[PDB]
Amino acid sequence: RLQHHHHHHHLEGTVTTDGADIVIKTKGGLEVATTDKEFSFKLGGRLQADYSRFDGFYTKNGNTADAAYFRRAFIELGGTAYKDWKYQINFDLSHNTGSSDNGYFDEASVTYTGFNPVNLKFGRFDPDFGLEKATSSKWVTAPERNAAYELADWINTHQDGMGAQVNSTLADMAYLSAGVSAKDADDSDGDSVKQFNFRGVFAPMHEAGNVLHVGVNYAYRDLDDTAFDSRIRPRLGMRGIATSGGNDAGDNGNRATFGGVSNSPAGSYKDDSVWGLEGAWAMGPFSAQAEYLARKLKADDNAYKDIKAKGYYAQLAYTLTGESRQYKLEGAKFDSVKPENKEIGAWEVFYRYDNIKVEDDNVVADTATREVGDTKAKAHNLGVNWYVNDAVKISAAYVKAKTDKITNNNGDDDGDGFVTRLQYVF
């Protein structure tokens, strides 16, 4: 018996909703929201495709290595329900963020905004320490963030745990955020490392092309009875020396240990503190920003000595085509450049100088590549960003690093690299 049915006529062409009026938008992804602000959804993401070549100190033998990888490949889902409840889930397909055991999350958070301007944020999200870190990874001026953060990257990374943060703008001239987090490392009882963060910024001028910003950061974590990796291992602006998400320098990459050890035993260190300062000034297309931080990792057991590190960076940026870097008091952070000329886009030049010093008195004998005393590095990052349009940014940068009391296997105390990136935001 063959199948059959009466012919149906279908009404065609309209798009409607059964609830509150909806506005839908696309700039390459999708946004849908009710006009009464009760409900919304946004699907987006970011692709950062990098190719780099580098030599000298950046590699073990000093010869040129390369890397061809996605720095980030986020899929981003966020939304609002019942006006005051937001979520944001950003997962990194490149596997550079998060982990196999715990999920490749850049963020998985829920925010209650009912106390606006005060927000309450929960879940897995990087703690707020530092201006360059607060700035979206889409819009950080240099291809990689500064080396001073590499002295204590726990201060502003989620480390596969959970946290709770309160934040607010204040008096139309300031921003404060404070939070507690549990990080993914246990003491001998299976109790996680607990961490406190504070950030406070005074930014009396806080708009694109008109920024005056000074801030303070503090981070503390309790390492009592906890085995942990104390290594400071800066990449000094060259991600490709060691990275997920594609090809890297492999066995010839030199992500060097400037201090600390991979397995510091339970009981070796008691706690770990970092203070930071931020400054920024912007007038139209010109901006200057800088940060300084200092870490003290405090020994517990007498066989161990404190480890200290200090670092800073300063950056100048200028949009040759005249546009301002966006700036938001909510988060006290820079953001994108929006090109005014549709035919040629926006062109931005930048220079960042980084300087770090590691004081690890536990290093008591020379190795083949590392001398007793304070290890140091300086880096220079000079480059161009072409904002083709709001979605696409193409970048090229030259990076140079110079070190003290540490070399590669070739004896190099400096190295050079070039990195190019194609970024697509949707």
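One-based numbering along the sequence shown.
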3-11 versus 415-423 - which carries the larger mean C-alpha B factor in the record = 3-11
Look over 239-247 and 293-301 in the entry and identify the one with the greater average Cα temperature factor.
-> 293-301
Residue set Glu144, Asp92, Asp172, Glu107, per-entry CA B-factor max assigned to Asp172
Go through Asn102, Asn341, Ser136, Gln159 one by one and give the residue whose Cα B-factor in the PDB entry is largest.
-> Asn341
Split the chain's modelled residues into thirds by Cα B-factor; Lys357 lands in the lowest
Considering only modelled residues of the same chain, in which third does the CA B-factor of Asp36 rank: lowest, middle or highest?
-> highest
Select lowest, middle or highest to describe the third in which the CA B-factor of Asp224 falls within its chain in this entry.
-> highest
Can you tell me which third, lowest, middle or highest, the CA B-factor of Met283 falls into for its chain?
-> highest
Modelled-residue ranking by C-alpha temperature factor, third containing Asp374 | middle
